[PDB]
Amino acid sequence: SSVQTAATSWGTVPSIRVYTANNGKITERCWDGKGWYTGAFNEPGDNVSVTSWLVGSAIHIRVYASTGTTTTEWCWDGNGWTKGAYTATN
């Protein structure tokens, strides 16, 4: 019924990313210290989770988008979103 969210953050500002699964689609809202805005992530999914990590000054984000029993990993590594290698046999 209600939307389903996942959130991650990094640094001291901080930067925050909030992913919302709604009606089969996952979108992204972003905060970098100035106000909330809509991010570049939009992919199919009924469920979302996220994790992120820093390597020095580089942020790496992994978003896990699921529809049915299939989970697709999406990867941010500084140069746009790319499909990750994650697989599972659910």
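Numbering starts at 1 and follows the sequence shown.
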Check your understanding: Looking only at CA atoms, which has the higher mean B factor in the entry: 30-38 or 55-63?
Key -> 55-63
Study note, to complete from the structure: From the entry's CA B-factor values, the highest among 13, 18, 21, 75 is 13
Review point. Where does residue 90 sit by CA temperature factor within its chain: lowest, middle or highest third?
Key: highest
Exercise for review: Divide the modelled residues of the chain into thirds by Cα B-factor and specify which third, lowest, middle or highest, holds residue 1.
Suggested key: highest
